[PDB]
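Reading through the structure tokens given below for one structure.
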Amino acid sequence: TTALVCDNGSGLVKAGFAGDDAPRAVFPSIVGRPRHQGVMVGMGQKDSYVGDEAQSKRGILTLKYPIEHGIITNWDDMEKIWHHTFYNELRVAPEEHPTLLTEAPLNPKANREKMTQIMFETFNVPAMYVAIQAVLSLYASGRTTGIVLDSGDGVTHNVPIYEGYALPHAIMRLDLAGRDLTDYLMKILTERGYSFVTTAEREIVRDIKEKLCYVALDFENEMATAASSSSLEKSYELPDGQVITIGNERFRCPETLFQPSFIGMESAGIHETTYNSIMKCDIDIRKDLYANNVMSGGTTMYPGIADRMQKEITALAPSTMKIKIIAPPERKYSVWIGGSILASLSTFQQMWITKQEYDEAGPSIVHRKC
Amino acid sequence: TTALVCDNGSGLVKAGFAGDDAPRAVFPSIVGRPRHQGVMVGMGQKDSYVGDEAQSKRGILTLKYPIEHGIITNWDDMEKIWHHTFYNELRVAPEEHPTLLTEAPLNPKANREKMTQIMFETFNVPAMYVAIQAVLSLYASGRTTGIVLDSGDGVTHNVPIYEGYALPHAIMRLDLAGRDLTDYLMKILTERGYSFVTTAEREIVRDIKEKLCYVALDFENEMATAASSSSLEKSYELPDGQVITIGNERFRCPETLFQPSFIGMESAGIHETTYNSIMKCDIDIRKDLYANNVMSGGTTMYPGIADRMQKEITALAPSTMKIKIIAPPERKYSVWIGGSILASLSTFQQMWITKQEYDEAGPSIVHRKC
Amino acid sequence: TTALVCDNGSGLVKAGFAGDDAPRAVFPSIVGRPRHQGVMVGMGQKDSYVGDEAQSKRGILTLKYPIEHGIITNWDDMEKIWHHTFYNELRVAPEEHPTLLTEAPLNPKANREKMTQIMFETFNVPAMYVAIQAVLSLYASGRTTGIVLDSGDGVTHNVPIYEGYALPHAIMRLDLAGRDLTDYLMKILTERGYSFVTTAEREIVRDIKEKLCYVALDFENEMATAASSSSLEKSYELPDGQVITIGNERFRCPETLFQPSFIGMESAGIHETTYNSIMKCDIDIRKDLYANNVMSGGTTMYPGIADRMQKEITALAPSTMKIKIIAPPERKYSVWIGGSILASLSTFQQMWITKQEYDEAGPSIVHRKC
Amino acid sequence: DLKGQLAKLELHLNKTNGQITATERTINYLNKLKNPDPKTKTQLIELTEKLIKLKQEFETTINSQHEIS
Ligand SMILES: Nc1ncnc2c1ncn2[C@@H]1O[C@H](COP(=O)(O)OP(=O)(O)O)[C@@H](O)[C@H]1O
Ligand SMILES: Nc1ncnc2c1ncn2[C@@H]1O[C@H](COP(=O)(O)OP(=O)(O)O)[C@@H](O)[C@H]1O
Ligand SMILES: Nc1ncnc2c1ncn2[C@@H]1O[C@H](COP(=O)(O)OP(=O)(O)O)[C@@H](O)[C@H]1O
Ligand SMILES: [Mg+2]
Ligand SMILES: [Mg+2]
Ligand SMILES: [Mg+2]
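From first to last, the protein sequence lines are chains A, B, C and D. In full-length UniProt numbering, each residue's number is its place in the first sequence (first place is 1) plus 6. In full-length UniProt numbering, each residue's number is its place in the second sequence (first place is 1) plus 6. In full-length UniProt numbering, each residue's number is its place in the third sequence (first place is 1) plus 6. In full-length UniProt numbering, each residue's number is its place in the fourth sequence (first place is 1) plus 211.
Next up, the structure:
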């Protein structure tokens, strides 16, 4: 049999089978509800569209996100997403195969229990397991000693591991991610005249973000160059056949990652969190973590993030130490690529939580290995 | 056949074959146990690392010393060390060859019996012998009349011999050794700001001690010179790419040997113990012992210890009488170099304790020659 | 004249006059800097608020602590705190009166010198003295033989004294204190959903700690009772009119004191350090130290700490020996109450360090009695 | 091949020197004796002969190693 490896994310859902190199299906995790009357007769009355069809018909829908900052807020919508993924998208009955899910570190306990109950009582899978998102990245990378820097939508976290002994006191968590960058892009695009308010307009701004953005190696010099000349300008086309012309905002959106004071937050940029995590471990292992940094998640695909990260860490860290930022391509799916590998391993095939085990022990079972 | 000559020490293990000039293998006598969870799958779990691999991975282990002050405290870990030495390190089955061990004088009786039992019932060596550490030094030195001053880690002892007639009432024993110096180094390095607490940090401090230390010919004048100028400063580099700068502490660590009141102890310095041992023998032999002094053990490798020892003894002892401190190089292995020689001697090949002798006579056998 | 007795602490400042029973003024040792723009006109442009007004307006400030782990990190802020204490809070010119300060044991030398210089060159007090925090506790307690266990914010130390002969080799120091408990409270409160990140939010968590916490007599049984039933639950109200409901975390925060492995630290709990300190003294005085233990500092106000301390020490120590934990009320100010008494004593009025003495001898003066 | 055989000659020379050192130490100890045990009287002669044999073997090995060079 093949064991599904679903990765319920904060901004996308990637579902596939074990022993593959890419998710079988990938689609946004949104639920759209109709807003208007409906005048024609004979058309099917849909209470709510889910998945990609909602993204197709965003004009007359009120799109909502069941997940936010990793935590799950709405449960009916999440169950609808899971049903759509299992039946309509993957087209495989869930009873036959086990399943593997991923949850970010330091999340509330209740989340795990509710997930388990919804995956046992309602869907009736024969076995389920849940894993920390950061850890699975190291299987995909191919090493055992490192400091992953998973940065998904919603939240970003750092988890240092050494010789396969995760240090739990050095783990760091932070609520700066792609959604805040999208909101800031809207707020700063307001200056030139372009006003985006509704949710679908936010979806458009998200596409604008994805296509036209980059991270400057140095910020003040880039601002001076953009102000003096007019070479840092790009033209994009809306669905309405209108042309936006973006200038400085190309590198003021991602810059909030390194300067969280733009949004009014107070925490330090991501480089400082990485450095603090490294310096919260023991003295003897700091060199190895320095040597092997790792990035994951979609948000770390901005052109030029690796160079700035290396420069900042090198400036912060002492000399005589060599810093490398392992930033392989296709990092977007890295987390998922871990899970499939973890499923394949023969040893891991003994660590599931069978249904009868949950029936007997109770909800606490999952937390024993937490 | 070749007879193993192992020297279970207090801070290092040296094991080799007879008729050689150096131990075949040398490695610290520590046992490290993992401290953290362990998150990766497949690595294969290990309960406890032993020997040099534990020193390699000190970051995530709780290093423990099975031996302390010569006495053996933990046995299940002392047996693990012996097994590692015989099989993994030396790579020779213990059944074929006999074995020779070394034990410091004035140690508890039970130690000897338990060592014998563990070396007969469990490992099944055909013959075992045990010798006093100080005596074996005199074979390496090449003389017969002298007063050895073996100072290993853990403890330091003096054993005067004359014409191969060891005087047992003049033997002296004292519990000042390298471990106390390491602790004092930590305590006094605290002043400049550098704080070392964990066991691995103690291991780092031990290296700091080994590399950068020396014994001043005179103490008050050296302190005055170090305070007035800034020439007695050295720079050392941690594993974390940080730079320590040591000043006076270079010669305040070993000075506790001659002034044990630094640690709160009350006994007299080592020169006074040597003088007392010499003046506790008969009148007619004091000149010969004064003439031929011997140093051994690692702790006596500080640059300048021989000169200060000679000066102090000359000041203490009467004039008209000549004092020399025989302090040959490679004194570190001196004790072991004795044992191999003792194994080689044809006469000594009649003095072992065969297995059947221990089976018949009982545990008391070993103590008959004590 | 009256001699001021300030006690610059790690988390609070207590300043008062000699011959009193309580500090004249007590206020937190923080410095807040504004974070936002400032739009209104006619107001007073303040670079930085200090003391209690900063605590009042924590909403829009970035609070910083000049002291940490006893050591002083930032000097400008510390000078600002001292100026605020002398002029605005106490309302007495510092030239007329001498002053007495307190510094924890085993701290770096440079600290003392810099403190002296800042208290002579800038403020111009006619005489200054500095004392060890633990020693002053014994004057307030009223005995001469004991083993103090001062545990302030920042650090905790043990100093055994016998017949007014402080043993310096038995002193112990450890970096576990209230700040680590506050951080652990944040980390474990994360589980139920309540996420506190900013500094003012940490200040709120500190109040939560102070009000609702206690130490269980035994830990496993308490966890079982809290899990089975729902009687160990308390409700607290934030400044935002929201209600937190705390359960187990009531007694998992202070438990870190007795099990430092929660934070990843490796040292032993406080009972083991007390036992080791007692067992590092001479044989003949251990009974007297066993009989008279003393606690000080704010951190030792958790309801039920005395009983657990007594139980653990009794279990560790041999029978036939009687253990009592002298834990008087109002222990919070105990250290300060010592200093005032020490100021009053007629003999002590000869031990100050006059200004001309420092001018002539130089900075080393203070260290002569160290 | 030349490099490998040169390395083997170097290893053999190192082993020979290691044997010489121990034999010299044992003879140095035995010389000081004044009324040795009858067994030690023969062992001293045996070691004295073995030292000479080892020294000529060392000379031959070094000569061969130089010749290859
Ligand atoms: N090529 C890209 N360049 C810049 N940002 C991207 C890119 N691809 C995705 N993103 C950002 O990452 C987010 C998706 O992150 P995702 O990989 O789904 O994280 P998770 O898997 O944890 O949900 C999107 O909201 C988008 O803003
Ligand atoms: N070169 C050196 N300089 C100073 N101290 C040394 C040196 N080498 C070893 N030591 C000290 O000696 C100790 C090791 O002693 P060792 O020779 O093992 O005695 P034993 O064999 O009785 O254990 C170490 O703890 C170390 O502190
Ligand atoms: N009543 C209390 N209950 C529990 N903890 C307290 C209480 N009062 C103070 N604390 C803790 O003690 C700390 C203050 O310690 P303090 O007495 O100021 O030490 P110091 O005098 O060395 O600064 C605070 O951070 C707080 O967390
Ligand atoms: Mg992701
Ligand atoms: Mg030794
Ligand atoms: Mg205090």
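Heads up, the beta-carbon is just placed ideally off N, CA and C, and yes, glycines get one too.
(message) Less than 7 Å separating the Cβ of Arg374 of chain C from some heavy atom of ligand 3?
(response) Numbered from its first residue, the third sequence carries residue 374 of chain C at position 368. False, no ligand heavy atom lies under 7 Å from that Cβ.
(request) Compute the distance between the beta-carbons of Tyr135 of chain C and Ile359 of chain C, then report whether it is under 8 Å. (result) Taking the third sequence and counting its residues from 1, the one referred to as residue 135 of chain C is at position 129. Taking the third sequence and counting its residues from 1, the one referred to as residue 359 of chain C is at position 353. In this structure, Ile359 of chain C lies closer than 8 Å to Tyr135 of chain C by Cβ.
(message) Please report the distance separating the alpha-carbon of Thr150 of chain A from that of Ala172 of chain C.
(response) Position 144 of the first sequence, counted from the first residue, corresponds to residue 150 of chain A. Position 166 of the third sequence, counted from the first residue, corresponds to residue 172 of chain C. Each residue's Cα considered, the two are about 50 Å apart.
(request) Going by DSSP, name the residue or residues bridged to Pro166 of chain A. (result) Counting from 1 along the first sequence, the entry for residue 166 of chain A is found at position 160. Its beta-bridge partners are A:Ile153.
(request) Using a cut-off of 9 Å between C-beta atoms, extract the partners of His90 of chain A located in chain C. (result) Position 84 of the first sequence, counted from the start, is the residue given in the question as residue 90 of chain A. None at all; the shortest Cβ gap to chain C is about 28 Å.
(message) Does the beta-carbon of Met307 of chain A, which I'm using as the reference point, lie nearer than 7 Å to any heavy atom of ligand 1?
(response) The count along the first sequence starts at 1 and reaches residue 307 of chain A at position 301. Yes, since a heavy atom of ligand 1 falls inside the 7 Å radius drawn around the Cβ of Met307 of chain A.
(message) With a threshold of 8 Å between beta-carbons, can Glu169 of chain A be considered close to chain B, or not?
(response) On the first sequence, residue 169 of chain A is found 163 positions in, with the first residue counted as 1. Yes, its Cβ sits closer than 8 Å to a Cβ of chain B.
(request) Mind listing which residues have their beta carbon within less than 6 Å of any non-hydrogen atom of ligand 4? Chain order is fine. (result) A:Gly15, A:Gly158, A:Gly303, A:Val341
(message) Could you give the first and the last residue of the continuous beta strand (DSSP E) run that contains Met178 of chain C?
(response) As a first step, residue 178 of chain C must be located in the third sequence, where it is residue number 172. Segment 178–180, the beta strand (DSSP E) holding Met178 of chain C.
(message) Can you tell me where the beta strand (DSSP E) holding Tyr242 of chain B begins and where it ends?
(response) Here residue 242 of chain B corresponds to residue number 236 of the second sequence, with the count starting at 1. First-last of the beta strand (DSSP E) with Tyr242 of chain B: 240–243.
(request) With hydrogens ignored, establish whether the beta-carbon of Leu18 of chain B is closer than 7 Å to any heavy atom of ligand 2. (result) Translated into positions along the second sequence, residue 18 of chain B becomes position 12. Yes, the Cβ of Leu18 of chain B comes within 7 Å of a heavy atom of ligand 2.
(request) Label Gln362 of chain B either buried or exposed according to how many other C-beta atoms from any shown protein chain fall within 10 Å of its C-beta, with 16 as the threshold for buried. (result) Here residue 362 of chain B refers to the residue found at position 356 of the second sequence. Counting Cβ neighbours within 10 Å, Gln362 of chain B comes out exposed, since fewer than 16 surround it.
(request) Over the uninterrupted beta strand (DSSP E) stretch that includes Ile250 of chain A, give me the two end residues. (result) Numbered from 1 along the first sequence, position 244 holds the residue referred to as residue 250 of chain A. It spans 249–252 - the beta strand (DSSP E) in which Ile250 of chain A sits, taken as one unbroken run.
(message) ligand 3 and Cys259 of chain C: does the residue's C-beta get closer than 7 Å to at least one heavy atom of that ligand?
(response) Along the third sequence, one-based indexing puts residue 259 of chain C at 253. False, no ligand heavy atom lies under 7 Å from that Cβ.
(request) Please classify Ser325 of chain C: is it buried, with 16 or more other beta-carbons within 10 angstroms of its beta-carbon, or exposed? (result) For this step, residue 325 of chain C is matched to residue 319 along the third sequence. Exposed, because fewer than 16 other Cβ atoms sit within 10 Å of the Cβ of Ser325 of chain C.
(message) Quick check: is the beta carbon of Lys193 of chain C nearer than 8 Å to any beta carbon in chain B?
(response) Your numbering for residue 193 of chain C matches position 187 in the third sequence. Judged by the 8 Å Cβ criterion, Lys193 of chain C is not in contact with chain B.
(message) At the level of alpha carbons, what is the spacing between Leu144 of chain B and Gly152 of chain B?
(response) The sequence position of residue 144 of chain B within the second sequence is 138, counting from 1. The sequence position of residue 152 of chain B within the second sequence is 146, counting from 1. Looking at the two C-alpha atoms, the distance is approximately 8 Å.
(request) Can you pull the chain B residues whose beta carbon is under 7 Å from the beta carbon of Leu112 of chain C, in chain order? (result) For the purposes of this step, residue 112 of chain C is identified with residue 106 of the third sequence, where counting begins at 1. Residues of chain B passing the Cβ test: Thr196.
(message) In the DSSP assignment, the beta strand (DSSP E) including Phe23 of chain A goes from what residue to what residue?
(response) Your numbering for residue 23 of chain A matches position 17 in the first sequence. Taken as a continuous stretch (DSSP letters only), the beta strand (DSSP E) holding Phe23 of chain A covers 19–23.
(message) Which residue marks the beginning of the beta strand (DSSP E) containing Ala137 of chain B, and which one marks its end?
(response) The residue you call residue 137 of chain B lines up with position 131 of the second sequence. First-last of the beta strand (DSSP E) with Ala137 of chain B: 133–138.
(message) Please state whether the Cβ-Cβ distance between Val341 of chain C and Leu142 of chain C is less than 8 Å.
(response) If you number the third sequence from 1, residue 341 of chain C lands on position 335. If you number the third sequence from 1, residue 142 of chain C lands on position 136. It is a contact, given that the beta carbons lie within the stated cut-off.
(request) Tell me whether the beta-carbon of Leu223 of chain C lies closer than 8 Å to the beta-carbon of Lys317 of chain C. (result) As a working note, residue 223 of chain C is residue 217 in the third sequence. As a working note, residue 317 of chain C is residue 311 in the third sequence. Going by C-beta atoms, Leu223 of chain C is nearer than 8 Å to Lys317 of chain C.
(message) Going by the DSSP bridge assignment, what does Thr108 of chain C pair with across the sheet?
(response) Position 102 of the third sequence, counting from 1, holds the residue named residue 108 of chain C. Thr108 of chain C is bridged to C:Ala137.
(request) Give the secondary structure of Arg208 of chain C by DSSP, where H, G and I count as helix, E and B as strand, and everything else as coil. (result) In the third sequence, counting from the first residue as 1, residue 208 of chain C sits at position 202. Residue state, collapsed to three classes: helix.
(request) Return the residues of the segment 247–279 of chain A that lie within a Cβ-Cβ distance of less than 8 Å from chain C, sorted by chain order. (result) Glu272, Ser273
(request) Just mark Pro174 of chain C as buried or exposed, buried being the case when its beta carbon has 16 or more other beta carbons within 10 Å. (result) As a first step, residue 174 of chain C must be located in the third sequence, where it is residue number 168. It is exposed - the Cβ of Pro174 of chain C has fewer than 16 other Cβ atoms within 10 Å.
(request) Rounded to whole angstroms, what's the CA-CA distance from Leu18 of chain C to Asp189 of chain C? Just pull it up for me. (result) Position 12 of the third sequence, counted from the start, is the residue given in the question as residue 18 of chain C. Position 183 of the third sequence, counted from the start, is the residue given in the question as residue 189 of chain C. One C-alpha to the other measures close to 18 Å.
(message) So that I know if they touch, is there some Cβ in chain A lying closer than 8 Å to that of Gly160 of chain C?
(response) Taking the third sequence and counting its residues from 1, one reaches residue 160 of chain C at position 154. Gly160 of chain C does not count as touching chain A.
(request) Kindly say whether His163 of chain C, judged by its beta-carbon, lies nearer than 8 Å to any beta-carbon of chain B. (result) If you number the third sequence from 1, residue 163 of chain C lands on position 157. Not an interface residue.
(message) Using a Cβ-Cβ distance cut-off of 8 Å, determine whether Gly148 of chain B contacts chain D.
(response) As a working mapping, residue 148 of chain B is identified with position 142 in the second sequence. Yes, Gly148 of chain B counts as interfacial toward chain D.
(request) Report buried or exposed for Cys376 of chain C, applying the criterion of at least 16 other Cβ atoms within 10 angstroms of its Cβ. (result) Within the third sequence, the letter at position 370 stands for residue 376 of chain C. So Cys376 of chain C counts as exposed.
(request) Could you please give the first and the last residue of the uninterrupted alpha helix (DSSP H) stretch that includes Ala28 of chain B? (result) Here the question's residue 28 of chain B lines up with position 22 in the second sequence. Taken as a continuous stretch (DSSP letters only), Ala28 of chain B belongs to no alpha helix (DSSP H), as it is neither H nor E.
(request) Note down the Cα distance separating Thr305 of chain A from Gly160 of chain A, rounded to an integer number of angstroms. (result) Your numbering for residue 305 of chain A matches position 299 in the first sequence. Your numbering for residue 160 of chain A matches position 154 in the first sequence. Their Cα atoms are separated by approximately 10 Å.
(message) For a cutoff of 8 Å on Cβ pairs, would you count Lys217 of chain C as touching chain B?
(response) Mapped onto the third sequence, residue 217 of chain C falls at position 211. False, the Cβ-Cβ gap to chain B never drops below 8 Å.
(request) List the residues of chain B that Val141 of chain A touches, going by C-beta distances under 9 Å, in chain order. (result) Here residue 141 of chain A refers to the residue found at position 135 when the first sequence is read from its first residue. The answer, in chain order, is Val45, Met46.
(message) Suppose you measure from the CA of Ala321 of chain A to the CA of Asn94 of chain B; what does that come to, to the nearest Å?
(response) Position 315 of the first sequence, counted from the first residue, corresponds to residue 321 of chain A. Position 88 of the second sequence, counted from the first residue, corresponds to residue 94 of chain B. C-alpha separation (whole angstroms): 45 Å.
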